[PDB]
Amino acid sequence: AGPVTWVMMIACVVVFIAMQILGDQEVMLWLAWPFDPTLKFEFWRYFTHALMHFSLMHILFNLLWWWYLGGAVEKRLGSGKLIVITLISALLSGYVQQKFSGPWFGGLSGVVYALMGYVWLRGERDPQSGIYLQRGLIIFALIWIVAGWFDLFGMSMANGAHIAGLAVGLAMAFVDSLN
């Protein structure tokens, strides 16, 4: 786990702790996508919704995938590629999510989906580069994708965040594998 993979896991844990201590809504109020016009210029918020988790399962599953795919992308393609994947997926997923359902949402899984789509498609279209999605983990990803679409979990799923996430990672692996 390089510096990006790491600061991210850290920031997510630090934020999850604040949500336990201060409560979910308090932290949302500070970190959610702008939910009032008076907040539109608070720029951290287009990204910081990625940092908030609402259950132990949410955090744990997201950081497992982040650690593994995030970490792969970091070590083999560099810190910079992971930064850009993250900023773009966070911002785009946040955008589509809020459009469909309003600003009240959170989670790294828009980003994790971009890493899934990215690492898979780059492995298919580009063997040499050194990044692949192992067949077993394609299955575990597909099931993970499927669960959200049909809502087979306690709390409701950000479905725009997911389709938007994956689309970004596919677009970027496409553009990258092209060379």
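Note that residue numbering begins at 1 and tracks the sequence as displayed.
Look at the C-alpha B-factors of 70-78 and of 85-93. On average they run higher in 70-78. Looking at mean Cα B-factors across 151-159 and 17-25, the upper value is held by 151-159. Residues shown: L31, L115, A50, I143. Highest C-alpha temperature factor in the entry: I143. Ranked within its chain, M57 lands in the highest third, by CA B factor from the PDB record. Compared with the other modelled residues of the chain, the Cα B-factor recorded for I139 ranks in the highest third. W44 sits in the lowest third of its chain by CA B factor, as recorded in the PDB entry. In this PDB entry, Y132 carries a Cα temperature factor that places it within the highest third of its chain's modelled residues.
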